[PDB]
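Single chain ahead, by itself, as structure tokens, in the form deposited in one PDB entry.
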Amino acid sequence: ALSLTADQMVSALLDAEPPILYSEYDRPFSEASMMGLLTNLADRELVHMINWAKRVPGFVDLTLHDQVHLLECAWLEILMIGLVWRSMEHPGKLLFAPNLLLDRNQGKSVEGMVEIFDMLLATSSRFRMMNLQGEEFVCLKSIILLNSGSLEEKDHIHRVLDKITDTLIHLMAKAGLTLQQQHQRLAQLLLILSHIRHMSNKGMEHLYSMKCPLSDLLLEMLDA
């Protein structure tokens, strides 16, 4: 994994992308039926996210305890960044699934969600204005998984992280940006990870306030 070239790192991440799932086909929504649809969608996406995580270069080198801890810390950030990527070409709307395209006005169905919704819409628009590319997106998504959670494991994680930084830079140079523009865009992209982490923390708090484990799914699949 540390032996990969930038081009191999990009290609591995693109081939590892999870599928776009559909919402259940179950009518103005109520708080219970909207959260029921989103929970059921999140639960099904989580299985594919575990398969994706196992293919992120360096992830399966970790102990099985750390693989679980990283997924436990990152899963909502990863769901959210997938959501904001999918929503880029739908201004004013969040594409939870191709059959579950919601505007902020539907977010009010759930008490405490419309504000986290607005952050997601704002982040989506920022990705649009930055012209975020899919190859950059898979790098950021990978960074989120490795960064969100043995001193040797930490060290190993950092080397993969450095490799992904090199890959991001390599992509920007290969696209013809100047070195100044390369370092600037790299910063702009990483600073958005701060916003995604914040939205995840607000989301986790919102979810804890509602009646509802991931731990069992992680362990079953990770060991599998």
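Residue positions are given as counts along the sequence shown, with the first one as 1.
What comes next is about the form solved in complex with a partner chain, which does not appear here.
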{"item": "Contact test in the entry with it bound: residue 34 vs its partner chain, heavy atoms, 4.5 Å", "value": "no"}
{"item": "Partner proximity in the entry with it bound: residue 7 to its partner chain, non-hydrogen atom cutoff 4.5 Å", "value": "no"}
{"item": "Its partner chain contact at residue 50 in the entry with it bound, heavy atom, 4.5 Å", "value": "yes"}
{"item": "Residue contact check: residue 68 to its partner chain in the entry with it bound, 4.5 Å heavy atom", "value": "yes"}
